[PDB]
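Residue-level structure breakdown
Listed below, chain by chain, are the residues.
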Amino acid sequence: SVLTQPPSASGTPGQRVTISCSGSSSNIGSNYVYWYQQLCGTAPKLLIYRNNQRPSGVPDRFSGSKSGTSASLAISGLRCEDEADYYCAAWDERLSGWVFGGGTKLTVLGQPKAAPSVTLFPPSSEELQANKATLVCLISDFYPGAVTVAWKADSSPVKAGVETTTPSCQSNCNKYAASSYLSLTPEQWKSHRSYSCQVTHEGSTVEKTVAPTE
Amino acid sequence: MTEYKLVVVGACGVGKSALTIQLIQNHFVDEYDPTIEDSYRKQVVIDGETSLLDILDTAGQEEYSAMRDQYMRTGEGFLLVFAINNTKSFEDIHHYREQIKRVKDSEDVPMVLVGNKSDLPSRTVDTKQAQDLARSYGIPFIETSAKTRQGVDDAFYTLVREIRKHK
Amino acid sequence: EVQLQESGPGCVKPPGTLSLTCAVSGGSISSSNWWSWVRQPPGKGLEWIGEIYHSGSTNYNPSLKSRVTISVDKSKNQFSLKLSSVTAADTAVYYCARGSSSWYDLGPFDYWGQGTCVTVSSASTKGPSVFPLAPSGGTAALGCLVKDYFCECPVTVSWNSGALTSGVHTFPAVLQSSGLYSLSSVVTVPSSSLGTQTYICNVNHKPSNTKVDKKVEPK
Ligand SMILES: *CCC(=O)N1CCN(c2ncnc3cc(-c4c(C)ccc5n[nH]cc45)c(C)cc23)CC1
Ligand SMILES: Nc1nc2c(ncn2[C@@H]2O[C@H](COP(=O)(O)OP(=O)(O)O)[C@@H](O)[C@H]2O)c(=O)[nH]1
Ligand SMILES: [Mg+2]
């Protein structure tokens, strides 16, 4: 990137927040600044153009400024509606091209804790006539996005062959989800009494169990 | 290289789209999508001075917002269009004129009156009625057809000369 | 308003050439506007590729200038991109956009396409297997497992051809140690309906041209 932005910002509901973007005489110095907003999984959207003007449908909470080779964006009456990525953009006379900032993730503090739901599926009968066995653990709807997943054959840990996702992207105070897969041979399936998927989220642990002939 | 900004207004179905494409691209379009609103640019020579024309073709539906009033205010002169075989399109001319002054803060604005579809024999508006209305408003009147390209250049160029007497 | 829709192949082997097309509707390619290509590497900021104007003038990003070509087709209302000598660093989502109006300036990117994803890799395009996750107190859950497929991103799952759309959740894929992906999709339904309904999942992977319908039913 050629313009510089701070990687993150945050605030509590109702307070004011400010984001900044810095450049050089060939770009933010000479030309106008434009601001874009992006919600995770969609194309960007215009927000402020020509330093401080709002297009149709942008509330009065958003205002923008330019001073020297620096720019600023202010937001007031913060709400969950606002959790998004933000980018500054300008033209550069030394390169003859548009340049972007780095982006800045805004985060809203004080969202309440929510605990995970857990669902566990046994191997389907087809996978066993094709010589395979996968167990699926599906983990959903927890807010603080940090989860650890352990598996336990009978009572002893079994950490070979365990795949697990990263946390999801998040916006509009939406909840997170994740999933984990354990791979077995067909003989290992029949030879054990039980298996568990065990999910720890800030000490609170949730456990589900399945067995052959369940 | 001066620049001029022109707007075409008039009731649905009178020929706003067809007139513009004639000027820009020199061919005729038998029907065109009535929802599409677009802007075009061309370089021309009028009386020896070279200049760029921007042309806004209007469409969509009737709506009044604070942004549309800025999109329209940008225009420097306007072409009121009616069709010679459509009497209701001729009465609407008054409505369009008053909206234009509401966003231009003035009584004096460059305008020209255009009577389109002169290739069709079934006139329902005679030529005298149009001259009397134009003389009341104090503006020129032009008859055109976009199926044969008769009068197209003249109409647009007259507007440009209007914009020059102003300044 | 103007509508923009991009299309292209989801996977490319190096050192081939990437090709993309954007089709325009609700407006004319011959209006006073500039048409742009922009990309976003996964989890990183945006980058601008280049511009074209309807009369054939072009600007390119100085860092890519020797590999990029953009073109306009007047007869179909389209414009396109080619990028030679691709390498793994070119994996990104690609967008087509319109802006820089000569009437009233709002900036460079007034309207955006929905985007498309391109993966550059030497690996080979395996198609998925599909297995039913059979259901087993007011509600139950059931799903489809999509297993061991490569080229992660042009994959789609829907239920009952679109006639069922409430309570459907589709999780992110996991990259397994073998280098092949897995995916799961699940729906929840009133437990009484299990005796008098039919649930079918429809997977569509385009890079292998795989289409599969699997009926899921109580064990
Ligand atoms: C067939 C669709 C079509 O061609 N339309 C064009 C005319 N539209 C329309 N109908 C009635 N009134 C208006 C007013 C305005 C207008 C004007 C003339 C000045 C300023 C202004 N600010 N906001 C709107 C306007 C317009 C542009 C169009 C009108 C119907 C659709
Ligand atoms: N005979 C004739 N028909 C015309 C002329 N100009 C336009 N038309 C037709 O009138 C119809 C409406 O014109 P159009 O450009 O779509 O009007 P718009 O609604 O203002 O965009 C079209 O079917 C055209 O074919 C003309 O000069 N002569
Ligand atoms: Mg029209």
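Residues numbered from 1 in each chain as written, not as in the entry; some residues may be left out. Chains lettered and ligands numbered in written order. Heavy atoms only, no water.

- The record lists cryo-EM as the method behind this PDB entry and 2.8 Å as its resolution.

- By the naming in the PDB entry, chain B goes by GTPase KRas and is assigned to Homo sapiens.
- Under the UniProt heading Function (literature references left out), the entry covering chain B gives this text: "Ras proteins bind GDP/GTP and possess intrinsic GTPase activity. Plays an important role in the regulation of cell proliferation. Plays a role in promoting oncogenic events by inducing transcriptional silencing of tumor suppressor genes (TSGs) in colorectal cancer (CRC) cells in a ZNF304-dependent manner." (UniProt positions renumbered as here; feature names shortened; annotations may be inferred.)

- The PDB entry annotates chain A as Fab 2H11.4DS light chain of Homo sapiens.

1. Let's talk about the overall build of chain A
- Along its length, chain A carries three helices and 17 strands.
- Taking 17 Å as the expected radius of gyration for a compact globule of 214 residues, we find that chain A reaches 25 Å, considerably beyond that expectation.
- Projected onto its principal axes, the C-alpha positions of chain A cover 75 × 40 × 30 Å.
- Across the 214 residues of chain A, 46% fall into the buried class.
- Taking the intrachain contacts of chain A between residues at least 6 apart in sequence as the baseline, contacts between residues at least 24 apart amount to 59%.
- Just so you have it, chain A exposes about 10000 Å², and 49% of that area is on carbon and sulfur atoms.
- Placing the 17 positive and 16 negative side-chain charges of chain A at their respective mean positions leaves the two points 7 Å apart. (Helix = DSSP H or I, 4+ residues; strand = E, 2+ residues; numbered from the N terminus. Rg over C-alpha atoms; globule rule 2.2 N^0.38 Å. Buried < 20%, exposed > 50% of the residue type's maximum accessible area, 1.4 Å probe, protein only. Contact = heavy atoms within 4.5 Å. Areas by Shrake-Rupley, 256 points an atom, 1.4 Å probe, with all protein chains shown as cover. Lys, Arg positive; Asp, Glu negative; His and termini not counted. Charge placed at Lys NZ, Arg CZ, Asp CG, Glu CD.)

2. Quick word on the interface of chain C and chain B
- At the junction of the two partners, chain C supplies 11 residues and chain B supplies 17 residues.
- Where chain C abuts chain B, roughly 1200 Å² becomes buried across the two surfaces, and 57% of that area is made up of carbon and sulfur atoms.
- When the buried area of chain C at its contact with chain B is split by residue, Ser102, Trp103 and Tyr104 of chain C rank highest and sum to 58% of it.
- For the pair chain C and chain B, the number of links is four residue pairs in polar contact.
- Here the side of chain C that touches chain B is built from residues that sort into three nonpolar, seven polar and one charged. (Buried area = accessible area lost by both parts, 1.4 Å probe. Polar contact = N/O pair within 3.5 Å; in protein donor to acceptor, adjacent residues only side chain to side chain. Nonpolar A, V, L, I, M, F, W, Y, C, P; charged D, E, K, R; others polar.)

3. Considerations on the sheet that holds strand β18 (residues 199-205) of chain C
Residue and element names in this part refer to chain C.
- With antiparallel pairing, three strands are arranged side by side in an open sheet as β14-β18-β19. Edge strands, defined here as strands with exactly one partner in the open sheet, are β14 (155-159) and β19 (210-216). Taking the axes of each pair of neighbouring strands and ignoring which way they run, one obtains an average angle of 15 degrees across the sheet. (Pairing = 2+ DSSP bridges. Axes fitted to C-alpha atoms, helices over the stretch in contact; angles between N-to-C directions.)

4. So, helix α1 (residues 16-25) of chain B
Residues and elements named next belong to chain B.
- With respect to burial, α1 is a largely interior element, eight of its 10 residues being buried.
- In the core, the buried residues of α1 are packed alongside β1 (2-10), β2 (38-46), β3 (49-57), β4 (77-83), β5 (111-116) and α6 (152-166).
- Among the residues trailing α1, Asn26 stands out with phi positive, at a value near 65 degrees.

5. Notes on the site of ligand 1
Residue and element names in this part refer to chain B.
- Near ligand 1, the surroundings consist of 14 residues, among which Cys12, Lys16, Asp69, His95 and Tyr96 are the closest.
- A distance of 3.2 Å separates a nitrogen atom of ligand 1 from a polar atom in the side chain of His95.
- In isolation ligand 1 offers 640 Å² of accessible surface; the protein chains occlude 90% of this area.
- Secondary structure elements with two or more residues in the shell around ligand 1: α2 (68-73) and α4 (93-102).
- Across the shell around ligand 1, the residue classes tally to four nonpolar, five polar and five charged. (Near = heavy atom within 4 Å.)

6. Some details on the interface of chain C and chain A
- Taken together, the contact between chain C and chain A spans 38 residues of the former and 36 residues of the latter.
- Summing both partners gives a buried area of about 3200 Å² for chain C against chain A, and 63% of it is carried by carbon and sulfur.
- Our count for the chain C to chain A interface comes out at two salt bridges.
- The shortest N-O distance in the salt bridge between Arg50 of chain A and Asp105 of chain C comes to 3.3 Å. (Salt bridge = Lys/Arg side-chain N within 4 Å of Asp/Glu carboxyl O.)

7. Focus: the state of the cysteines
Residue and element names in this part refer to chain C.
- Summed over the entire model, instances satisfying the criterion amount to eight disulfides over all chains.
- Across a sulfur-sulfur distance of 2.0 Å, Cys11 and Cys151 are joined as a disulfide pair. In this structure, the disulfide formed by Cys11 and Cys151 twists by about 120 degrees around the S-S bond and is classed as right-handed.
- Residue class for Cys151 comes out buried when judged on its relative accessible area of 0%.
- Ordinal numbering of bonded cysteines along chain A defines a disulfide pattern of 1-4, 2-6, 3-7, 5-8. (Disulfide = S-S within 2.5 Å.)

8. Quick notes on the nonpolar core
- Counting residues in each nonpolar core, the largest one holds 34 residues, and the members touching the most others are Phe100 of chain A, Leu80, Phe82 and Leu113 of chain B together with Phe109 of chain C.
- Counting residues per element, this core draws most heavily on β4 of chain B, at three residues.
- Filtering out sequence-adjacent residues up to four positions away, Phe82 of chain B remains in contact with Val14, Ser89, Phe90, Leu113, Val114, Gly115, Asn116, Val125, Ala130 and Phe141 of chain B.
- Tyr4, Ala18, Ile55 and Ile142 of chain B belong to the second-largest nonpolar core, a separate cluster that totals 27 residues. (Core = buried A, V, L, I, M, F, W, Y, C linked by side-chain atoms within 4.5 Å.)

9. Some words on the site of ligand 2
All names here are of chain B.
- Lining the immediate environment of ligand 2, one finds 14 residues, of which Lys16, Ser17, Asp30, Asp119 and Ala146 sit closest.
- The separation between an oxygen atom of ligand 2 and a polar side-chain atom of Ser17 is 2.5 Å.
- Top element by residues in the shell around ligand 2 is α1. It accounts for three residues.
- Among the residues forming the shell around ligand 2, the class breakdown is four nonpolar, five polar and five charged.

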